[PDB]
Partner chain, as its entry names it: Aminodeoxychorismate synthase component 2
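Next up is one chain by itself, shown in C-alpha cells, the form deposited without its partner chain.
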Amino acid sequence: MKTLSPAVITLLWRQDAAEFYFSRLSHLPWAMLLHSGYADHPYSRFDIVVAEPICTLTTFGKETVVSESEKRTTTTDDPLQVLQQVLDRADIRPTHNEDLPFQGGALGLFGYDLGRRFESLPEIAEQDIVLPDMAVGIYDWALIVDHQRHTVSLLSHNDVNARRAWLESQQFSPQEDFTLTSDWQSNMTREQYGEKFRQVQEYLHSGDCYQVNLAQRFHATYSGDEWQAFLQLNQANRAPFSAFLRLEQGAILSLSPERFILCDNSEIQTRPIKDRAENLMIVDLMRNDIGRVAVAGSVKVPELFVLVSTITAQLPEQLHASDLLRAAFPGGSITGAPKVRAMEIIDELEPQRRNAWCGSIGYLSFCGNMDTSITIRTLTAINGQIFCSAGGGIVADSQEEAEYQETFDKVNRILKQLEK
C-alpha cells in the first residue's frame, strides 16, 4: 500500500487560477472542474481541476464500462462497488491533508438515474438525454486552488514535473462564443404542471407520501462554446458547489450552491448550516439515509426553533465513502419523503428522466475522503440542446400557483442570463 503523499509543486497565485488553467482543457473529454464560485465561506475554500484520467467508468443502466488504456471491461456489478474496487486496486492511500482535499482518485458525475441501481422502481419517464448515469474518471493528479491560503497546488502520485510540463504546454485555443439560439421552452405547460401538482396532492391526501419534489425542465438551442456559457454563469451565481464537466457525451454546467455529502476523515456532514402533545414532526430528509450507515449514536443535528451542518456523523471504519454515497443516493432533499415512494411519483409525473439533474457531482479521493454536490441549478449541454430543470418540494399545504412560480424563480436568473 502506497501511502506516500502525492508530490506537489506550487504555481503562482492568481485570483482566477482555476478558470485560467481549466480554459485550455475544457474541450478535453474527462477534463473536469469543481469551482467554489469565488464564494466567501469554509465550504467554498477550494477549486479542483483534473483531466486525463488513467481510468474511466461509464455506467449506462445496468452496465458499467471500465476503461483503462487499451483495456476495456464491462460489468453489471454495483457501479459504486465497481468504483470502490477500481480505487482500491490503485493501492494509493495517502494520509488525509486538509490543504489537499482531493489527492487524486475518482471525480465525476453521479447522475440521478443512477439511483435505480440501488432502489428498485418503475421507469415511466422518457429517456430523451443520452449521457451516462455515472461518468467518472480516476485521476492520479490534480490542480488545487486554495482561496484561504492563496495558493495554487499541482499534485501528482506520478511525475508531478511531467504533469506540470504537460499542463503548461496546453495552448489557449480560441472558442466559438456562446449563444442561445432559441427561446427557452418548458417540457410542460402551466396547466400540465397544475395537473401534476394536483396529482402529487392526491397522493399526499391519501397518505401516500409526505413530500414530493416535482420539477419542470426548460430547453433551448444554442451554439458556441459551452465553457463560455459557464464563465458567465459562474460569475453571476458565485455558487460554492459549481462544476464544469466535459464528458464524452456533452458538457455539464453546474451552478450548484448546495453540498450533498461531505466525508472528511470519517466525519460525515450534509448541508452547511444556513407534559405536552407536540403537533409538529420535523424531518431532515437525509437523516434516515445517513443513519443507516453512520456509526450508531454518532449522528448529531442541531436544536431547531419554530455543529456547522444540518447532519454530522461518523463513517464506520469498515465502510467507504462510496458506501455512504450509495446509501443516500439520490438525495432525500430533492426527491421527498418516503424517498423511494417519492421517486416513484416523480418518475410518473416528469415527462422525462432527470439524468444529470439533481444527481451529484463530486470526488472520492484516494486518501478516503469525499465531497459531493446536489446538482440543482445545473444545465446539460448536448448536440446544441441545453437543458435546465427547476423543482419545488410539494407538501400538504403547498399552493399550486405559488409552487409553479417558485419553480421559475429558482432558475429565472440562470435562464435570463443566457438570453441577454
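Numbering follows the first chain given and starts at 1. Basically, rigid core = biggest C-alpha set you can superpose within 1.5 Å across the two forms.
As for the form solved in complex with its partner chain, it is not shown, yet the points below apply to it.
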Inset, instruction - Look at the candidate spot formed by 27, 31 and 96 and say whether its partner chain comes within 4.5 Å of a heavy atom in all three of them in the deposited complex. - result: no
Inset, instruction - Classify residue 287 as contacting or not contacting its partner chain in the deposited complex by the rule of any non-hydrogen atom within 4.5 angstroms, answering yes or no. - result: yes
Legend entry - Proximity of residue 9 to its partner chain in the deposited complex, heavy atoms at 4.5 Å: no
Inset, instruction - Indicate whether residue 299 is a 4.5 Å heavy atom neighbour of its partner chain in the deposited complex. - result: yes
Legend entry - Contact label in the deposited complex: residue 277 to its partner chain, heavy atom within 4.5 Å: yes
Inset, instruction - May I ask you to choose, among 338, 224, 272, 257, the residue with a heavy atom within 4.5 Å of its partner chain in the deposited complex? - result: 338
Legend entry - in the deposited complex, the residue from 248, 119, 126, 177 that sits within 4.5 Å of its partner chain by heavy atoms: 119
Inset, instruction - Determine which one of 41 to 49, 64 to 72, 355 to 363, 390 to 398 lies within 4.5 Å of its partner chain in the deposited complex, judging by heavy atom distances; exactly one does. - result: 390 to 398
Inset, instruction - After fitting the rigid core, tell me which of 285, 144, 83, 268 has its Cα displaced by at least 2 Å between this form and the one not shown. - result: 285
